[PDB]
Amino acid sequence: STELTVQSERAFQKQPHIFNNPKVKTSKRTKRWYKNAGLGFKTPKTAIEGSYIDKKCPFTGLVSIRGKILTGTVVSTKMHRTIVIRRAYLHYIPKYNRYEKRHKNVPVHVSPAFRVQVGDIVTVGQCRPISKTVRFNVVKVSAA
Amino acid sequence: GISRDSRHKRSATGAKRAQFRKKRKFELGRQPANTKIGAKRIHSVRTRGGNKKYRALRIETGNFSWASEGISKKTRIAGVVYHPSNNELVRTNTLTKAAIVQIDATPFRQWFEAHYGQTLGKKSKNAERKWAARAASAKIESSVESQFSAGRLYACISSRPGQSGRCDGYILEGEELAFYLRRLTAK
Amino acid sequence: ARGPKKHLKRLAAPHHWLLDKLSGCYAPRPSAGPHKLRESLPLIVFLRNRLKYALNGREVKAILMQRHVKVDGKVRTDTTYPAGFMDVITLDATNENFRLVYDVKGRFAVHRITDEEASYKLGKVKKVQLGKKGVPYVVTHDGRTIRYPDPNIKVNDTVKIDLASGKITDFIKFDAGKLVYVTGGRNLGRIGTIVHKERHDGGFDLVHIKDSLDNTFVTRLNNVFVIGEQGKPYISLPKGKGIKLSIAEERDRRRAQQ
Amino acid sequence: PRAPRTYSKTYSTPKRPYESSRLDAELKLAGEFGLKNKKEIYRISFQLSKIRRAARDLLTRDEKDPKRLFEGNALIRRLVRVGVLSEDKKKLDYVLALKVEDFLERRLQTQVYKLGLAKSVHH
RNA sequence: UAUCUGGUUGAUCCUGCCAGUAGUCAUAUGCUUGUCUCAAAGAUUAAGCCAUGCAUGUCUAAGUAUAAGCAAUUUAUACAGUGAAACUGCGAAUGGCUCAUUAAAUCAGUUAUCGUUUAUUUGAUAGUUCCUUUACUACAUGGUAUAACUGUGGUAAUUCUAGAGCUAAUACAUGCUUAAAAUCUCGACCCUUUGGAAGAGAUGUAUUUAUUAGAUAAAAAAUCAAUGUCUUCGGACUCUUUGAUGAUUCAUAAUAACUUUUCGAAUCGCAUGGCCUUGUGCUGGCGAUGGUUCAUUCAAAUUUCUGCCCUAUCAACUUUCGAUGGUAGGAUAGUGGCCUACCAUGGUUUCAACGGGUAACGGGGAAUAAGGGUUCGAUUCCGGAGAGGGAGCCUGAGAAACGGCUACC
RNA sequence: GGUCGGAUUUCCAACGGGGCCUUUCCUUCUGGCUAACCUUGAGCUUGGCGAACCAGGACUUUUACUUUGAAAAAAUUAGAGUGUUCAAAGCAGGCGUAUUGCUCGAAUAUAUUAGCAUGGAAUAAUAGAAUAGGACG
RNA sequence: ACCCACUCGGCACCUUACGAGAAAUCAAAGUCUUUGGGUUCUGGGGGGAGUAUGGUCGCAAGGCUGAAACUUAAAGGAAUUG
RNA sequence: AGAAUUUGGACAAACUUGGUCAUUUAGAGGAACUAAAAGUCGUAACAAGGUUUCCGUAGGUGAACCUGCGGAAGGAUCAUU
RNA sequence: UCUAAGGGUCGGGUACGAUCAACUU
RNA sequence: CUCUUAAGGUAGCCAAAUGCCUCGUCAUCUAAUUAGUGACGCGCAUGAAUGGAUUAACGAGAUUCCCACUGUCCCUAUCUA
Ligand SMILES: [Mg+2]
Ligand SMILES: [Mg+2]
Ligand SMILES: [Mg+2]
Ligand SMILES: [Mg+2]
Ligand SMILES: [Mg+2]
Ligand SMILES: [Mg+2]
Ligand SMILES: [Mg+2]
Ligand SMILES: [Mg+2]
Ligand SMILES: [Mg+2]
Ligand SMILES: [Mg+2]
Ligand SMILES: [Mg+2]
Ligand SMILES: [Mg+2]
Ligand SMILES: [Mg+2]
Ligand SMILES: [Mg+2]
Ligand SMILES: [Mg+2]
Ligand SMILES: [Mg+2]
Ligand SMILES: [Mg+2]
Ligand SMILES: [Mg+2]
Ligand SMILES: [Mg+2]
Ligand SMILES: [Mg+2]
Ligand SMILES: [Mg+2]
Ligand SMILES: [Mg+2]
Ligand SMILES: [Mg+2]
Ligand SMILES: [Mg+2]
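Analysis parameters
Residues numbered from 1 in each chain as written, not as in the entry; some residues may be left out. Chains lettered and ligands numbered in written order. Part of a larger assembly, values for the part shown. Heavy atoms only, no water. Residues with missing side-chain atoms left out of burial classes, pairs and counts. Core = buried A, V, L, I, M, F, W, Y, C linked by side-chain atoms within 4.5 Å. Buried < 20%, exposed > 50% of the residue type's maximum accessible area, 1.4 Å probe, protein only. Helix = DSSP H or I, 4+ residues; strand = E, 2+ residues; numbered from the N terminus. Domains from an automatic or database assignment. Contact = heavy atoms within 4.5 Å. Pairing = 2+ DSSP bridges. Buried area = accessible area lost by both parts, 1.4 Å probe. Salt bridge = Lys/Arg side-chain N within 4 Å of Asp/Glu carboxyl O. Patch = residues over 30% accessible without salt bridge, like charges linked within 9 Å, V, L, I, M, F, W, Y side chains within 5 Å. Areas by Shrake-Rupley, 256 points an atom, 1.4 Å probe, with all protein chains shown as cover. Polar contact = N/O pair within 3.5 Å; in protein donor to acceptor, adjacent residues only side chain to side chain. Nonpolar A, V, L, I, M, F, W, Y, C, P; charged D, E, K, R; others polar. Axes fitted to C-alpha atoms, helices over the stretch in contact; angles between N-to-C directions. Parallel < 35°, antiparallel > 145°, perpendicular 65-115°, else oblique. Left-handed = near helix turned anticlockwise from the far one by under 90°. 1 Å grid on protein atoms, 1.4 Å probe; cavity = no way out; pocket = protein on both sides within 12 Å on 5 of 7 lines; lining within 4 Å. Points joined across faces, edges and corners; volume = space filled by probe spheres on them.

Per the PDB record, this model was obtained through cryo-EM at a reported resolution of 3.47 Å.

The structure is reproduced here in structure tokens:
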């Protein structure tokens, strides 16, 4: 995670329509909006108590998780906020009455609320197209 | 013309896809507005399913809002001072979203005197009754107070001039103002 | 392609219309209306193919243009006006009234109702949502929007429409033990007294259903139409009452009388 | 654009073109039943072949199979109806071994012959 | 109907192929052809080229008629009967044809739009618009041009048109007529402490921006900042309004403004009825057409997962100038490297990427089969693509439209 | 065969299901039905422990496989019924005092894999407490 | 160091055919139409031909990979009698 | 209100010149293969084929082929306690 | 006429600031 | 087959800077070629450290063709010291 030095881009990174009025003073100086992605997935404490913005986050962002829920093994963490998983499966050829190993590489988006290493197993929830190849968002990490 | 389809540029593996489906209209694009300042000129764009769209050019004024005070005013635009996407839009004074601009700051100044009444920068008893009740809230900030002396305010264009035909924004305050001031004062 | 289609070939029309594949190249394409194209009677099939009150499509136009036929109390001169589930058809001549219900075989059956039973209809609510100016409304399965409903009305319930004014007379709540009518799927046209339903957060609810003869089957929630409390229903069920006899038992009944 | 008219062929030629046994038995049938062709014998063999194709699929199933009970009775009923299947043989196992010319016995000219009225099968 | 036979030897048993054998909604061809039903049919080569003639036009009771059209209504001096032409409104984006392109592309099954457009149909749904809003004003209703038409004409020719003179709208372009009540801001004066006022303005919808609410597992007390509906100023205190989803910045409402400003009936047919202070006074029916927003239906666009033939004498490919991802913006009906600026070096591949080939549109299916398979699918249905090859675009809800236009070849 | 070749019961059996005990938690709280209720009122009465039905819960080892179910348009394939004179076909048709009319049908099956729900839990993998942050508390 | 008995491992050998094979023969070449312990590689009539061409390795000789046009009704294995 | 015209941009047909790939096709001459014909020369193999045959490799010779080194039995020896 | 990248020297109890100066892209 | 030698020119290459006949023959290059290149080889009189045959790079070396270029030329004119 490393908190990605939040104010680093050329534009001011903030959650839209989340206004922290300076006229009044109270606890939690910076208002943080968040939500539960549903389907039983919990919101990690990093998302609730973090400072990242990540408008593509399924908990603190503007994207919603709906559609397919998949699981895969991480094979690449070399992008920024995006990883590649490998989904293995067995394809049945009816002629020989037996299977063959196949795989697909799914690029999925990882929020700073999660920390993912190569080889870990994660579950990804479907969202609207984020990039040219990305269609899924990491929602739960099952390994470390 | 300008197309938004994807059967052009290569897939994720790097393969070049063959030609298929001569360009369709429902995947078209158009040319940018590149809105300027002064002598308002807005053209009409007929989009899909009727749905008239406004291509703003040469906008003069705008509706800028003061989030802390919850008021909006119509004020003129002086020029563009910072743009996170391209520095040329600053140099050419192009009006786009998320562009930091100066504003006249006069309508905001006159409203403050009517509402709070103390001062900015530097008669009947129905007035000071409101002013007495509307007290302890005229201590806005030291980074916004000093701008009223110069007569210009750092605003941020929250609207899409090339889509709606309007240049509407908000006055930078608090952390957002402190972020962009460091960018502007650097030399 | 390039715009909406307007022709419906035979062998591509819904199979429950019972259109002979020969004797014609096209089929009546139902117009835009309250009901889906896939589930729609429209009158030309009803008047000619079901009631034998016409010999051609020209005689159907002659009947309709004289304001004899009416759907839900309105003339509906359109020849391919889509008439769907629970729609009430009134003919001034022959003093006949009809209600569109599915036969146990999955087909729209000719059902004759009395004058009083033609003075209302049931509609499954599809969404309860706030309109403009904070006015709640309910959307039934036939596209009917009714403002100011009962606050206790929720989705998947059945309301009763007056058919003289769009007002709601009474509503049946979607609870376990209610008599239901299966609309859509392999179990189309069965009546089965809900026992329980499965939640399945994410979509595609499932409900378990067992008819009077204690035959249990499961269908998706969107195919279920509650038609009243167990026992007495709120409408006159067609002959058979949705039993779904097996083919072995069906032939013995056909062999009982001959 | 119109629904095509379904058609099918109703005869099967034998695998071997020339064998003495079949070329004799088939001609014996034609002469003794007054048939014009061999195609009129291939037709009965084809029709019987489909009968024993369905009866084998039924017998290989379990007893009291709901499909077998409905289809087995219906298949026996048709053969009993036209007289090919006798009343004493309704087990669905005598269907598989009926005969070739049991069907030829129930054709019109044979039965017209049987009740007099022709005094020869060719008449 | 789970079957084989002839051919290597002087003779034998094998391996092995050649030949025979049966079928083909597989073609072609030869000889021959009496009857009824049914029926494919310029796909293969040449998505090669086309004379000619047709294939898209359309009206009611209910948009506009002085036809200098036809006839008599005779109820009619404004019209009111039928009706050419033309303006207007729709449709022409359906259908029909073909299979050239196309190998994760199309497509099949399965998902999503909490990521968008939607003419038409069906169901609901604008009392708030005299703008210095007390003469500015027509609201028993306000203007302009023009077609058709008369006549002058030009070219060899085209569904070519010009100048002159008329006249209509559901054409174009303007435009008011209806209650209240409540609330929020300004705000005269008494003059005061507990402060209330006359009066004025604002308050539909649509657009844009910012902000607020949109809550909800459970029970009791401490004094303050000051009473907060009414006080027996001790405080009894409750009513405190709050929907849906698995999930939302959702539906919805409110505040402050913005718009060069959308919409909020100057439209048509038939019936003519009631009330009086009988005035062309006031009311009053069944429809048609149109119109803002939502829902619905007919759709569209994008989209999830799995699945495609032969090839390594194709092993590395993609990223100059877009490749993979981030931030911001522009564009779009919307999401998205769709495009742009800055940034990072990423992405696919022996589980076969990439390249080449296809005498490859893909399925539902077809032929032959004991079981397992093999071959085929231009073509009666579904989806896609194209109108000689390219590209571009107007109209419109919907077209990169070709029985539409523009340019090149 | 207690009816005249059709089914009921108390039956000696077989085969497939469910619950309980034998060391065998094979997850549950706010609350309703309190339910099957030690509930008993004189032989049908006032009061037992929540999923047998529910709204929200911390949590929740993962698959492969197999059964059942929803989906897999129509046509075509198999297949039931039926006078196209038979047949290929088609979805018709049939019965009356035929003067008024009445009425049966237009089924059913198959449809890989992928996705979805579901019971099983053998077979084949995967994980857990070892320089104990291991569980109950 | 020899002799006798047993045993594990190795090079083989003799007999027979339960079995296999077209046969020659085989204790595996058996437990294969009563057809499935795991796995790698290679062949699909005889010639043209291991030839052409393109690659790749070698200093070279050459190695590895490797066609097609064309042509043919038989080539081939083991035994039998001359 | 507004025609002809005009600035810049994007989309971008098409032409020319090259490059690259692919498919056909001419070519003096050179060198193979196949088939036919009673062609000329020899006799390399099948018997110990009259020098046993064959494999790899190298050289040589009209031609089959010969010779050296190593190897095999598909040998003409299953055999010398 | 502008824009961007490429430095030296001073500065913390036991990330940032000041100042100065290069032609290279 | 015969005469003959010390041995009778092997592998290679060739009208080559080495071929007389000769402007050899065939192909290409051109409108036309005693030029050039590619083949052929009874080669007056090629040929193996008289070194043979090749050969990347290099050359103020000999030669041929092609593109660009041009007063070399058609066909000359003009200007300056
Ligand atoms: Mg079409
Ligand atoms: Mg229609
Ligand atoms: Mg031989
Ligand atoms: Mg012989
Ligand atoms: Mg053959
Ligand atoms: Mg073709
Ligand atoms: Mg509507
Ligand atoms: Mg973006
Ligand atoms: Mg981006
Ligand atoms: Mg093709
Ligand atoms: Mg089609
Ligand atoms: Mg097209
Ligand atoms: Mg053509
Ligand atoms: Mg076009
Ligand atoms: Mg045409
Ligand atoms: Mg030993
Ligand atoms: Mg040994
Ligand atoms: Mg073979
Ligand atoms: Mg071979
Ligand atoms: Mg031999
Ligand atoms: Mg010889
Ligand atoms: Mg000889
Ligand atoms: Mg030998
Ligand atoms: Mg050999």
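What follows covers the nonpolar core. Nonpolar side chains in soluble globular proteins generally cluster together in the buried interior. The biggest cluster of nonpolar side chains holds 36 residues, and the ones touching the most others in it are C:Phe85 and C:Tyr181. Broken down by secondary-structure element, the contributors of at least two residues to this core are α1 (43-50), α2 (57-64), β3 (69-71), β4 (88-91), β6 (101-102), β14 (178-182) and β18 (224-229) of chain C. Ranked by the residues each element gives to this core, the list is headed by α1(C), at five residues. When residues are assigned to domains, this core turns out to be shared by domain 1 (1-116) and domain 3 (174-244) of chain C, each giving three or more. Those residues in contact with C:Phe85 that lie beyond four places of it in its chain are C:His35, C:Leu100, C:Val101, C:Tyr102, C:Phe108, C:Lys121, C:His141, C:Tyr181, C:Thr183 and C:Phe225. Residues B:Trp66, B:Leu153, B:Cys167 and B:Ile171 belong to the second largest nonpolar core, which totals 35 residues.

Residues and elements named next belong to chain C. Both faces of strand β5 (residues 96-99) are covered, namely the face carrying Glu-96 and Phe-98 and the face carrying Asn-97 and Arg-99. In this structure, β4 lies alongside β5, joined through four bridges in antiparallel fashion. Looking at β5, one finds that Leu-91 is bridged to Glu-96. What sits between the antiparallel neighbours β4 and β5 is a turn of four residues, in which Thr-94 has the positive phi angle 70 degrees. Alignment of β5 against strand β8 (residues 112-113), held across two bridges, turns out to be antiparallel. The residue of β8 that forms the bridge with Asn-97 is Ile-113.

The interface is formed by 17 residues belonging to chain B together with 13 residues belonging to chain A. Both faces considered, chain B and chain A share a buried interface measuring about 1200 Å² in area, 58% of it formed by carbon and sulfur atoms. Summed over the three residues of chain B that lose the most area to chain A, namely B:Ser68, B:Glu176 and B:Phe179, the buried surface amounts to 34% of that side. The interface formed by chain B and chain A holds two salt bridges in total.

So, about a nonpolar patch on the surface. A cluster of nonpolar side chains, contributed by D:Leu108, D:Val112, D:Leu115 and D:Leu117, occupies part of the molecular surface with about 470 Å² of accessible area. Positionally, D:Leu117 belongs in the segment after α5 (108-114).

Residue and element names in this part refer to chain B. For chain B, the domain assignment lists domain 1 (1-30), domain 2 (31-105 + 152-187) and domain 3 (106-151). Facing 17 residues of domain 2, the contacting portion of domain 3 comprises 15 residues. Approximately 1500 Å² of surface area, both sides summed, lies buried where domain 2 meets domain 3, with 68% of it carried by carbon and sulfur atoms. Linking domain 2 to domain 3 there are four residue pairs in polar contact. Looking at the side of domain 2 that touches domain 3, the elements with two or more residues in it are β3 (61-66), β4 (71-82), β6 (153-157) and α6 (174-185). When residues of the side of domain 2 that touches domain 3 are assigned to their parent elements, the largest contribution, four residues, is made by β4. Classifying every residue of the side of domain 2 that touches domain 3 by side-chain character gives 10 nonpolar, two polar and five charged.

With that settled, consider the packing of helix α2 (residues 39-59) of chain D against helix α3 (residues 66-81) of chain D. Residues and elements named next belong to chain D. For the pair α2 and α3, the least separation of the axes is 10 Å and the interaxial angle reads 150 degrees. For the element pair α2 / α3, the angle class is roughly antiparallel. For α2 against α3, the interelement crossing comes out left-handed. On α3, the residues that touch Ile-51, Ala-55, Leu-58 and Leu-59 of α2 are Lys-67, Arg-68, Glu-71, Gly-72, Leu-75 and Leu-79. A class-by-class count of the residues in the contact of α2 with α3 yields six nonpolar, one polar and three charged.

A word on the sheet that holds β4(C). With respect to topology, four strands assemble into an open sheet ordered β3-β4-β5-β8 (chain C), the strand pairing being antiparallel. Each edge of the open sheet is held by one strand with a lone partner, namely β3 and β8 of chain C.

Picture a little ball the size of a water molecule; that probe, rolled over the atoms, points out where space is still empty. Each pocket or cavity is described by its volume, and for the largest cavity that value is around 60 Å³. As for the largest cavity, its lining consists of A:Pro22, A:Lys23, B:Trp66, B:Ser68, B:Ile140, B:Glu141, B:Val144 and B:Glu173. Grouping the amino acids of the lining of the largest cavity by side-chain chemistry returns four nonpolar, one polar and three charged. Counting residues domain by domain, the lining of the largest cavity receives three or more from each of domain 2 (31-105 + 152-187) and domain 3 (106-151) of chain B. The computed volume of the second largest cavity comes to approximately 40 Å³. Among the residues forming the lining of the second largest cavity, the class breakdown is six nonpolar, two polar and two charged. Three or more residues apiece are contributed to the lining of the second largest cavity by two domains, here domain 1 (1-116) and domain 3 (174-244) of chain C.

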